[PDB]
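The chain below stands alone and is given as structure tokens, in the form deposited in one PDB entry.
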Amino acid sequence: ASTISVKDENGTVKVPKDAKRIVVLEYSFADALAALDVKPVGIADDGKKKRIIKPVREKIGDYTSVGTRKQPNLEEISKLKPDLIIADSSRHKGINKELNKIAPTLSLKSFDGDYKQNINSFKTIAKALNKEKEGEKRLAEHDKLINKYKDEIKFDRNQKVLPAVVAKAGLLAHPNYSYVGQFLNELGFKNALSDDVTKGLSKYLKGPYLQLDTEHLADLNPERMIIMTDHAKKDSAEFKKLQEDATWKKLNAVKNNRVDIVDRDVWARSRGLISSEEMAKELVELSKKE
């Protein structure tokens, strides 16, 4: 058993050179494998096939679900007898000992990674699979496409942007150091949540995100909002109440048609090469509307 030594979030892992059958426990890792022409044998897909973004899903084809990302089914992982498991370094600390009894296990950032950290996880996966050159090629293509979309996005970058999900009668905002915040910065946007602004709102943190009620949204008054919702729907009971709010109606972004509702699976959950390309393409399209 010859191996390739790579670094992951727990130290060194010796990955077998004959690793071909791989179980992945986050969506971004499925994207990584598809980009490298590898079809995972198992995916933690939350029992929801549509959570795997379409071009990735269609390239991989048939696979076995191993359950939720929160609580993967280790009997189903065992039964697959994989060569390698790719686990999330935040979600899967508790199951790590059990996963290592089944197969060599890489522990990589996805859930608590920003945009650059997710691309770093892609690089580690490529190296682990003896596909370093293929990964370099793919990332050069990705970067060229992202910068082409950047130049086609017509929006005025002086209009500061707030990315968020809907929660608890307000918005649960993704700050400038989140995956989405950092990606928007890569596209030349200015996040409304500057470091100074976020410092002055920190009593409202809920883990990685900032809970903004309408009073605090009114004070921030970002010129643009991107609101990520399941299925890109805007008619949830929660989001409808938020809008009957007198303060919401006076917001600059609302008065001027600069609130866009986008798909949460693509924008928040996927964290892949294909999904980030799709986010950028969507911004081009929105910017070219009448």
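Residue positions are given as counts along the sequence shown, with the first one as 1. We call the rigid core the largest set of C-alpha positions that still match within 1.5 Å between the two forms. Only residues modelled in both forms are compared.
Although not depicted, the form deposited in another entry is the subject of the following passage.
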Completion exercise
After a rigid core superposition between the shown form and the other one, the exception among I125, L162, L171, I85, its Cα shifting by 2 Å or more, is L171
Exercise for the section: Please check if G188 moves between the shown form and the other one, taking a CA shift of 2 Å or more relative to the superposed core as movement. Expected result: no
Exercise for the section: Inspect the rigid-core superposition and answer whether the C-alpha of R138 shifts by 2 angstroms or more between the shown form and the other one. Expected result: no
Problem - Exceeds or equals 2 Å, Cα of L201 between the shown form and the other one, core fit - result: yes
Exercise for the section: Answer with closer or farther for the CA-CA spacing of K203 and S90 in the other form compared to the shown form; it moves by 3 Å or more. Expected result: closer
Handout entry: Pair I53/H231, Cα separation in the other form versus the displayed form, closer or farther by 3 angstroms or more
Key = farther
Practice task
Sticking with residues common to both forms, list the runs of three or more in a row where every CA moves 2 angstroms or more between the shown form and the other one, core superposed.
Solution key: 167-171, 196-219, 231-235
